[PDB]
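Text of run-v7.cif (mmCIF, C-alpha atoms) as supplied:
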data_entry
#
loop_
_atom_site.group_PDB
_atom_site.id
_atom_site.type_symbol
_atom_site.label_atom_id
_atom_site.label_comp_id
_atom_site.auth_asym_id
_atom_site.auth_seq_id
_atom_site.Cartn_x
_atom_site.Cartn_y
_atom_site.Cartn_z
ATOM 1 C CA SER R 10 -72.070 5.062 -10.834
ATOM 2 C CA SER R 11 -69.845 7.234 -13.038
ATOM 3 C CA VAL R 12 -66.108 6.425 -12.979
ATOM 4 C CA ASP R 13 -64.086 8.580 -15.361
ATOM 5 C CA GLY R 14 -60.596 7.275 -16.016
ATOM 6 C CA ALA R 15 -59.060 10.362 -14.372
ATOM 7 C CA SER R 16 -56.871 8.118 -12.236
ATOM 8 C CA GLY R 17 -55.191 6.490 -15.225
ATOM 9 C CA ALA R 18 -56.024 8.904 -18.043
ATOM 10 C CA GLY R 19 -52.741 10.679 -17.416
ATOM 11 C CA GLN R 20 -53.291 14.334 -18.147
ATOM 12 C CA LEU R 21 -53.743 14.053 -21.868
ATOM 13 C CA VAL R 22 -57.405 14.983 -21.806
ATOM 14 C CA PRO R 23 -59.349 17.677 -19.919
ATOM 15 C CA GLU R 24 -61.417 16.436 -16.993
ATOM 16 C CA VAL R 25 -64.053 19.105 -16.555
ATOM 17 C CA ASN R 26 -65.335 21.406 -19.267
ATOM 18 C CA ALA R 27 -64.495 25.053 -18.625
ATOM 19 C CA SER R 28 -67.197 27.200 -20.184
ATOM 20 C CA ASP R 29 -69.008 30.492 -19.680
ATOM 21 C CA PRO R 30 -72.530 30.151 -18.209
ATOM 22 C CA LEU R 31 -75.635 29.908 -20.359
ATOM 23 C CA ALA R 32 -76.803 33.310 -21.539
ATOM 24 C CA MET R 33 -80.251 32.566 -20.172
ATOM 25 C CA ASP R 34 -82.307 33.044 -17.004
ATOM 26 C CA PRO R 35 -83.714 30.126 -15.003
ATOM 27 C CA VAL R 36 -87.254 29.044 -15.810
ATOM 28 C CA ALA R 37 -89.978 28.095 -13.326
ATOM 29 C CA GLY R 38 -91.343 24.564 -13.029
ATOM 30 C CA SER R 39 -94.648 23.240 -11.681
ATOM 31 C CA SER R 40 -95.408 26.324 -9.580
ATOM 32 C CA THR R 41 -97.211 27.620 -12.663
ATOM 33 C CA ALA R 42 -99.712 24.829 -13.230
ATOM 34 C CA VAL R 43 -100.595 24.265 -9.572
ATOM 35 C CA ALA R 44 -103.595 26.581 -9.762
ATOM 36 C CA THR R 45 -105.202 25.537 -13.054
ATOM 37 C CA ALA R 46 -104.207 21.950 -13.809
ATOM 38 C CA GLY R 47 -106.748 19.482 -12.538
ATOM 39 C CA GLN R 48 -104.015 17.545 -10.796
ATOM 40 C CA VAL R 49 -100.290 17.872 -10.266
ATOM 41 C CA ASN R 50 -98.915 14.379 -10.461
ATOM 42 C CA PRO R 51 -95.621 13.659 -8.660
ATOM 43 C CA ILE R 52 -93.115 11.188 -9.976
ATOM 44 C CA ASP R 53 -90.976 8.492 -8.381
ATOM 45 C CA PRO R 54 -88.076 10.212 -6.552
ATOM 46 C CA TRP R 55 -85.764 7.497 -7.829
ATOM 47 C CA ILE R 56 -86.235 8.785 -11.359
ATOM 48 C CA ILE R 57 -85.542 12.327 -10.163
ATOM 49 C CA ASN R 58 -81.796 11.871 -9.942
ATOM 50 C CA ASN R 59 -80.818 8.907 -12.100
ATOM 51 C CA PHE R 60 -79.104 9.993 -15.254
ATOM 52 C CA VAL R 61 -80.390 7.380 -17.654
ATOM 53 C CA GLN R 62 -79.688 6.931 -21.358
ATOM 54 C CA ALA R 63 -82.259 8.883 -23.312
ATOM 55 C CA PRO R 64 -84.161 7.138 -26.122
ATOM 56 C CA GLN R 65 -82.192 9.459 -28.406
ATOM 57 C CA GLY R 66 -79.156 8.267 -26.469
ATOM 58 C CA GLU R 67 -76.505 7.716 -29.119
ATOM 59 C CA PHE R 68 -74.562 9.673 -31.715
ATOM 60 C CA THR R 69 -71.228 9.380 -33.496
ATOM 61 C CA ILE R 70 -68.549 11.758 -34.651
ATOM 62 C CA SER R 71 -66.179 10.716 -37.415
ATOM 63 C CA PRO R 72 -63.710 12.425 -39.732
ATOM 64 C CA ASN R 73 -66.424 12.095 -42.388
ATOM 65 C CA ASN R 74 -68.594 14.477 -40.420
ATOM 66 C CA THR R 75 -68.284 18.111 -41.448
ATOM 67 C CA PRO R 76 -68.864 21.049 -39.091
ATOM 68 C CA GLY R 77 -72.532 21.952 -39.109
ATOM 69 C CA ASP R 78 -73.670 18.346 -39.137
ATOM 70 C CA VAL R 79 -76.317 17.819 -36.483
ATOM 71 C CA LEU R 80 -75.337 15.102 -34.035
ATOM 72 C CA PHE R 81 -78.701 15.211 -32.268
ATOM 73 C CA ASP R 82 -81.742 17.456 -31.935
ATOM 74 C CA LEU R 83 -83.600 17.178 -28.659
ATOM 75 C CA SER R 84 -86.968 18.782 -28.059
ATOM 76 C CA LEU R 85 -88.123 19.182 -24.474
ATOM 77 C CA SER L 10 -31.718 4.062 -3.741
ATOM 78 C CA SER L 11 -35.004 3.548 -5.605
ATOM 79 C CA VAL L 12 -36.037 6.342 -8.002
ATOM 80 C CA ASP L 13 -39.242 5.571 -9.885
ATOM 81 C CA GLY L 14 -39.845 7.825 -12.864
ATOM 82 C CA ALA L 15 -42.979 9.267 -11.224
ATOM 83 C CA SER L 16 -41.706 12.774 -11.906
ATOM 84 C CA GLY L 17 -41.561 12.261 -15.664
ATOM 85 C CA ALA L 18 -43.726 9.172 -16.148
ATOM 86 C CA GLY L 19 -46.701 11.425 -16.772
ATOM 87 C CA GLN L 20 -49.740 9.668 -15.401
ATOM 88 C CA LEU L 21 -49.887 6.867 -17.902
ATOM 89 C CA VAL L 22 -48.974 4.177 -15.410
ATOM 90 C CA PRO L 23 -50.101 3.496 -11.823
ATOM 91 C CA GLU L 24 -47.582 4.391 -9.134
ATOM 92 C CA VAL L 25 -48.597 2.245 -6.196
ATOM 93 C CA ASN L 26 -50.438 -1.051 -6.404
ATOM 94 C CA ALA L 27 -53.896 -0.910 -4.842
ATOM 95 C CA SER L 28 -54.751 -4.349 -3.506
ATOM 96 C CA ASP L 29 -56.685 -6.033 -0.714
ATOM 97 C CA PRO L 30 -54.503 -7.352 2.148
ATOM 98 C CA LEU L 31 -53.189 -10.900 2.256
ATOM 99 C CA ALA L 32 -55.792 -13.328 3.546
ATOM 100 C CA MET L 33 -53.311 -14.572 6.119
ATOM 101 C CA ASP L 34 -52.253 -13.915 9.716
ATOM 102 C CA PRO L 35 -48.735 -12.802 10.656
ATOM 103 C CA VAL L 36 -46.271 -15.522 11.596
ATOM 104 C CA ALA L 37 -43.770 -15.451 14.465
ATOM 105 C CA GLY L 38 -40.015 -15.334 13.911
ATOM 106 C CA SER L 39 -37.101 -16.353 16.139
ATOM 107 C CA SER L 40 -39.086 -16.169 19.384
ATOM 108 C CA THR L 41 -39.870 -19.836 18.771
ATOM 109 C CA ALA L 42 -36.366 -21.268 18.560
ATOM 110 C CA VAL L 43 -34.871 -19.222 21.398
ATOM 111 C CA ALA L 44 -35.512 -21.963 23.942
ATOM 112 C CA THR L 45 -34.387 -25.078 22.059
ATOM 113 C CA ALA L 46 -31.857 -24.055 19.417
ATOM 114 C CA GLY L 47 -28.318 -24.328 20.670
ATOM 115 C CA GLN L 48 -27.631 -20.793 19.537
ATOM 116 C CA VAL L 49 -29.570 -17.955 17.972
ATOM 117 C CA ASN L 50 -27.208 -16.309 15.554
ATOM 118 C CA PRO L 51 -27.831 -12.641 14.676
ATOM 119 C CA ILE L 52 -27.068 -11.235 11.276
ATOM 120 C CA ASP L 53 -25.466 -8.026 10.043
ATOM 121 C CA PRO L 54 -28.020 -5.194 10.461
ATOM 122 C CA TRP L 55 -26.948 -3.837 7.091
ATOM 123 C CA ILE L 56 -28.419 -6.897 5.413
ATOM 124 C CA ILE L 57 -31.627 -6.450 7.404
ATOM 125 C CA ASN L 58 -32.946 -3.623 5.270
ATOM 126 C CA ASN L 59 -31.177 -3.725 1.914
ATOM 127 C CA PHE L 60 -33.432 -4.982 -0.805
ATOM 128 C CA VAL L 61 -30.950 -6.886 -2.914
ATOM 129 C CA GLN L 62 -31.488 -8.845 -6.122
ATOM 130 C CA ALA L 63 -32.299 -12.418 -5.224
ATOM 131 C CA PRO L 64 -30.349 -15.236 -6.904
ATOM 132 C CA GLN L 65 -33.656 -16.015 -8.616
ATOM 133 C CA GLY L 66 -33.726 -12.317 -9.458
ATOM 134 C CA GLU L 67 -34.915 -12.192 -13.052
ATOM 135 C CA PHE L 68 -37.944 -13.116 -15.129
ATOM 136 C CA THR L 69 -39.537 -11.987 -18.380
ATOM 137 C CA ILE L 70 -43.044 -11.518 -19.665
ATOM 138 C CA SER L 71 -43.693 -11.545 -23.397
ATOM 139 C CA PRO L 72 -46.708 -11.858 -25.676
ATOM 140 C CA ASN L 73 -45.582 -15.465 -26.181
ATOM 141 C CA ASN L 74 -46.320 -16.170 -22.547
ATOM 142 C CA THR L 75 -49.790 -17.538 -21.875
ATOM 143 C CA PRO L 76 -51.690 -17.019 -18.613
ATOM 144 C CA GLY L 77 -50.764 -19.761 -16.185
ATOM 145 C CA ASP L 78 -47.102 -19.694 -17.128
ATOM 146 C CA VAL L 79 -44.977 -19.554 -13.999
ATOM 147 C CA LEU L 80 -42.676 -16.547 -13.990
ATOM 148 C CA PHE L 81 -40.912 -17.662 -10.812
ATOM 149 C CA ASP L 82 -41.388 -20.055 -7.906
ATOM 150 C CA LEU L 83 -39.748 -19.008 -4.669
ATOM 151 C CA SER L 84 -39.471 -21.287 -1.669
ATOM 152 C CA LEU L 85 -38.697 -19.708 1.685
ATOM 153 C CA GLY P 86 -75.701 -17.704 -4.722
ATOM 154 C CA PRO P 87 -73.357 -20.050 -2.810
ATOM 155 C CA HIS P 88 -72.419 -21.527 -6.180
ATOM 156 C CA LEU P 89 -70.233 -18.515 -6.937
ATOM 157 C CA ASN P 90 -67.791 -19.530 -4.247
ATOM 158 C CA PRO P 91 -66.531 -23.164 -4.165
ATOM 159 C CA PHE P 92 -66.129 -23.002 -0.399
ATOM 160 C CA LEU P 93 -69.701 -21.853 0.130
ATOM 161 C CA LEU P 94 -70.865 -24.256 -2.520
ATOM 162 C CA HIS P 95 -69.280 -27.171 -0.716
ATOM 163 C CA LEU P 96 -70.960 -25.954 2.451
ATOM 164 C CA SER P 97 -74.443 -25.575 0.981
ATOM 165 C CA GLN P 98 -74.624 -29.355 0.899
ATOM 166 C CA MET P 99 -74.747 -29.336 4.696
ATOM 167 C CA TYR P 100 -77.340 -26.648 5.378
ATOM 168 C CA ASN P 101 -80.750 -26.179 3.830
ATOM 169 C CA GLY P 102 -80.940 -22.393 3.573
ATOM 170 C CA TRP P 103 -79.050 -19.107 3.230
ATOM 171 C CA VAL P 104 -79.192 -15.295 3.206
ATOM 172 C CA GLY P 105 -76.528 -12.675 2.804
ATOM 173 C CA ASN P 106 -74.582 -10.363 0.565
ATOM 174 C CA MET P 107 -71.483 -11.050 -1.468
ATOM 175 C CA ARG P 108 -68.905 -8.542 -2.594
ATOM 176 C CA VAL P 109 -67.787 -8.553 -6.202
ATOM 177 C CA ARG P 110 -64.481 -7.379 -7.591
ATOM 178 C CA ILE P 111 -63.771 -6.925 -11.244
ATOM 179 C CA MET P 112 -60.184 -6.451 -12.241
ATOM 180 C CA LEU P 113 -58.982 -5.269 -15.629
ATOM 181 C CA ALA P 114 -55.527 -5.459 -17.180
ATOM 182 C CA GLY P 115 -54.712 -2.421 -19.296
ATOM 183 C CA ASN P 116 -52.056 0.155 -20.204
ATOM 184 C CA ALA P 117 -52.210 3.888 -19.891
ATOM 185 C CA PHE P 118 -52.333 3.739 -23.695
ATOM 186 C CA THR P 119 -55.808 2.298 -23.968
ATOM 187 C CA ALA P 120 -59.335 3.629 -23.720
ATOM 188 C CA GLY P 121 -62.815 2.227 -23.446
ATOM 189 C CA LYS P 122 -65.347 1.756 -20.691
ATOM 190 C CA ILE P 123 -67.278 -1.147 -19.294
ATOM 191 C CA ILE P 124 -70.605 -1.090 -17.504
ATOM 192 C CA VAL P 125 -71.956 -3.351 -14.804
ATOM 193 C CA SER P 126 -75.640 -3.236 -14.063
ATOM 194 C CA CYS P 127 -77.404 -4.673 -11.051
ATOM 195 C CA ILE P 128 -80.498 -6.485 -12.200
ATOM 196 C CA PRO P 129 -83.140 -7.301 -9.578
ATOM 197 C CA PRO P 130 -84.738 -10.730 -9.381
ATOM 198 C CA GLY P 131 -88.085 -10.999 -11.126
ATOM 199 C CA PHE P 132 -87.100 -9.047 -14.211
ATOM 200 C CA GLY P 133 -86.429 -11.370 -17.125
ATOM 201 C CA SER P 134 -83.606 -12.456 -19.390
ATOM 202 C CA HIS P 135 -84.381 -10.097 -22.270
ATOM 203 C CA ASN P 136 -81.427 -8.433 -24.008
ATOM 204 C CA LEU P 137 -80.614 -4.794 -23.346
ATOM 205 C CA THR P 138 -79.122 -1.712 -24.953
ATOM 206 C CA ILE P 139 -76.140 -0.057 -23.301
ATOM 207 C CA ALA P 140 -78.525 2.869 -22.829
ATOM 208 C CA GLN P 141 -80.945 0.599 -20.993
ATOM 209 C CA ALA P 142 -78.141 -0.892 -18.915
ATOM 210 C CA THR P 143 -77.745 2.611 -17.531
ATOM 211 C CA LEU P 144 -81.273 2.575 -16.124
ATOM 212 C CA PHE P 145 -80.223 0.012 -13.513
ATOM 213 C CA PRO P 146 -78.028 0.874 -10.549
ATOM 214 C CA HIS P 147 -74.718 0.704 -12.353
ATOM 215 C CA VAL P 148 -70.991 1.211 -12.426
ATOM 216 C CA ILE P 149 -69.087 2.401 -15.484
ATOM 217 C CA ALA P 150 -65.351 1.867 -15.318
ATOM 218 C CA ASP P 151 -62.641 3.039 -17.655
ATOM 219 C CA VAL P 152 -60.356 0.305 -18.923
ATOM 220 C CA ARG P 153 -57.267 2.084 -17.616
ATOM 221 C CA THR P 154 -58.299 1.627 -13.966
ATOM 222 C CA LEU P 155 -55.648 -0.039 -11.877
ATOM 223 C CA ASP P 156 -57.580 -0.719 -8.705
ATOM 224 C CA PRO P 157 -60.197 -3.479 -8.682
ATOM 225 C CA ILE P 158 -63.773 -2.389 -9.165
ATOM 226 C CA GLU P 159 -65.862 -3.388 -6.205
ATOM 227 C CA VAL P 160 -69.591 -3.785 -6.623
ATOM 228 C CA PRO P 161 -71.879 -5.013 -3.851
#
Is it possible to express this structure as structure tokens?
Amino acid sequence: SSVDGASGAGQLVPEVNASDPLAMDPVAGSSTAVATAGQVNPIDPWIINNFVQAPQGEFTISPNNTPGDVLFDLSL
Amino acid sequence: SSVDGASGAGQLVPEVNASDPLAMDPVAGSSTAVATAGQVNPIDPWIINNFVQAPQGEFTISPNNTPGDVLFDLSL
Amino acid sequence: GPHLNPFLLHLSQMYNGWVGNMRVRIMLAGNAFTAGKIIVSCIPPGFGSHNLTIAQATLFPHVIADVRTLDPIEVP
């Protein structure tokens, strides 16, 4: 699906982003609700791995933008 | 003999050409004539591997050229 | 459909049915000095001809290629 121009991008841009891990512990999923929710409804496995464009899927950076400007604010 | 700028060409251009094989079977050489030609005359082995500039050795592409323009037409 | 290939097309007029898969190759002509990506989405039959967002195009099994690619993009 994803084909980054690595092959022909020369080496002018960085491929992977080198960054320190998130200062945050992992959080549990469904395991919590299992006992008190009336039902635990599973979803189509095909959705489980497809990275699809979110409804808040676009944003733009321009030289008019000034640091601090919010490009997008996603709420879980 | 051939020294492509690979070393200093960065990675802005493709080195080798990736392409599907020729939709065509290999053809036989001299084996055919051996029996009916009066002679089968061998050529200097030094010519056998030297890639030399053909008499129809030059052509030019320019933004004036339009797709379909024949750059060269070689007949065996 | 057989109509995509003139050979097949010519043949369809001799048989009354068909089944099978084709192979598609997209080939782009660009420098190492360009940038931009294209996206090909596989749309199943029985969907509709409604227009999509690039974001939506992502929701289908897809291929996103960078313009600089040298090798042909093959999509089944």
| message | Residue by residue, what does the PyMOL selection byres ((chain P) within 9 of (chain R)) grab here? Present the result as a count of residues only. | response | 23
| field | Proximal residues of chain L relative to chain R (all atoms listed in the file; 8 Å) as JSON, numbers by chain | value | {"L": [19, 20, 21, 22, 23]}
| request: Might you pull out every residue within 10 Å of residue 86 in chain P, with all atoms listed in the file counted and same-chain residues fewer than 4 positions away left off, and present them as a PyMOL selection string? | output: chain P and resi 90+93-94+97+103-107
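Atom to atom, CA of residue 113 in chain P and CA of residue 157 in chain P stand 7.3 Å apart.
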| message | For the provided coordinates, the residues matched by the PyMOL selection byres ((chain L and resi 28-41) around 12) should be stated as a list in words. | response | residues 25, 26, 27, 42, 43, 44, 45, 46, 48, 49, 50 and 51 of chain L; 110, 112, 155, 156, 157, 158 and 159 of chain P
| request: Could you tell me how far CA of residue 75 in chain L lies from CA of residue 124 in chain P, in Å and to one decimal? | output: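 CA of residue 124 in chain P lies at a distance of 26.9 Å from CA of residue 75 in chain L.
The space separating CA of residue 123 in chain P from CA of residue 71 in chain R comes to 21.7 Å.
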Generate N, CA and C atoms for range 28-48 of chain R and emit them as an mmCIF file, in the coordinates of the input.
data_model
loop_
_atom_site.group_PDB
_atom_site.id
_atom_site.type_symbol
_atom_site.label_atom_id
_atom_site.label_comp_id
_atom_site.auth_asym_id
_atom_site.auth_seq_id
_atom_site.Cartn_x
_atom_site.Cartn_y
_atom_site.Cartn_z
ATOM 1 N N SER R 28 -66.388 26.420 -19.261
ATOM 2 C CA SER R 28 -67.197 27.200 -20.184
ATOM 3 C C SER R 28 -68.022 28.266 -19.479
ATOM 4 N N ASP R 29 -68.231 29.373 -20.184
ATOM 5 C CA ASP R 29 -69.008 30.492 -19.680
ATOM 6 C C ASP R 29 -70.433 29.996 -19.485
ATOM 7 N N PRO R 30 -71.149 30.551 -18.495
ATOM 8 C CA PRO R 30 -72.530 30.151 -18.209
ATOM 9 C C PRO R 30 -73.472 30.387 -19.378
ATOM 10 N N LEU R 31 -74.641 29.760 -19.313
ATOM 11 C CA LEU R 31 -75.635 29.908 -20.359
ATOM 12 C C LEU R 31 -76.246 31.290 -20.317
ATOM 13 N N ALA R 32 -76.220 31.981 -21.450
ATOM 14 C CA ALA R 32 -76.803 33.310 -21.539
ATOM 15 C C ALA R 32 -78.309 33.108 -21.508
ATOM 16 N N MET R 33 -78.837 32.835 -20.321
ATOM 17 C CA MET R 33 -80.251 32.566 -20.172
ATOM 18 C C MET R 33 -80.639 32.497 -18.698
ATOM 19 N N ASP R 34 -81.808 33.040 -18.373
ATOM 20 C CA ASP R 34 -82.307 33.044 -17.004
ATOM 21 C C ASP R 34 -82.976 31.720 -16.674
ATOM 22 N N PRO R 35 -83.074 31.384 -15.379
ATOM 23 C CA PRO R 35 -83.714 30.126 -15.003
ATOM 24 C C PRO R 35 -85.217 30.216 -15.231
ATOM 25 N N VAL R 36 -85.826 29.088 -15.562
ATOM 26 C CA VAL R 36 -87.254 29.044 -15.810
ATOM 27 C C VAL R 36 -87.959 28.303 -14.683
ATOM 28 N N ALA R 37 -89.189 28.712 -14.387
ATOM 29 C CA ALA R 37 -89.978 28.095 -13.326
ATOM 30 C C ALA R 37 -90.567 26.749 -13.736
ATOM 31 N N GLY R 38 -90.779 25.874 -12.755
ATOM 32 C CA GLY R 38 -91.343 24.564 -13.029
ATOM 33 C C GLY R 38 -92.838 24.478 -12.776
ATOM 34 N N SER R 39 -93.247 23.478 -12.008
ATOM 35 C CA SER R 39 -94.648 23.240 -11.681
ATOM 36 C C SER R 39 -95.432 24.386 -11.072
ATOM 37 N N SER R 40 -94.773 25.189 -10.246
ATOM 38 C CA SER R 40 -95.408 26.324 -9.580
ATOM 39 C C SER R 40 -96.486 27.011 -10.416
ATOM 40 N N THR R 41 -96.285 27.013 -11.724
ATOM 41 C CA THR R 41 -97.211 27.620 -12.663
ATOM 42 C C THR R 41 -98.562 26.913 -12.741
ATOM 43 N N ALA R 42 -98.513 25.628 -13.061
ATOM 44 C CA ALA R 42 -99.712 24.829 -13.230
ATOM 45 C C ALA R 42 -100.547 24.559 -11.993
ATOM 46 N N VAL R 43 -99.914 24.553 -10.829
ATOM 47 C CA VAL R 43 -100.595 24.265 -9.572
ATOM 48 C C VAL R 43 -102.032 24.756 -9.438
ATOM 49 N N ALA R 44 -102.278 25.980 -9.881
ATOM 50 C CA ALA R 44 -103.595 26.581 -9.762
ATOM 51 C C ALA R 44 -104.658 26.236 -10.801
ATOM 52 N N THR R 45 -104.246 25.829 -11.995
ATOM 53 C CA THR R 45 -105.202 25.537 -13.054
ATOM 54 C C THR R 45 -105.263 24.113 -13.577
ATOM 55 N N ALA R 46 -104.209 23.336 -13.363
ATOM 56 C CA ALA R 46 -104.207 21.950 -13.809
ATOM 57 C C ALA R 46 -105.175 21.247 -12.888
ATOM 58 N N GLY R 47 -105.808 20.191 -13.381
ATOM 59 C CA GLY R 47 -106.748 19.482 -12.538
ATOM 60 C C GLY R 47 -106.042 18.734 -11.431
ATOM 61 N N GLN R 48 -104.830 18.290 -11.735
ATOM 62 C CA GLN R 48 -104.015 17.545 -10.796
ATOM 63 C C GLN R 48 -102.575 17.889 -11.096
#
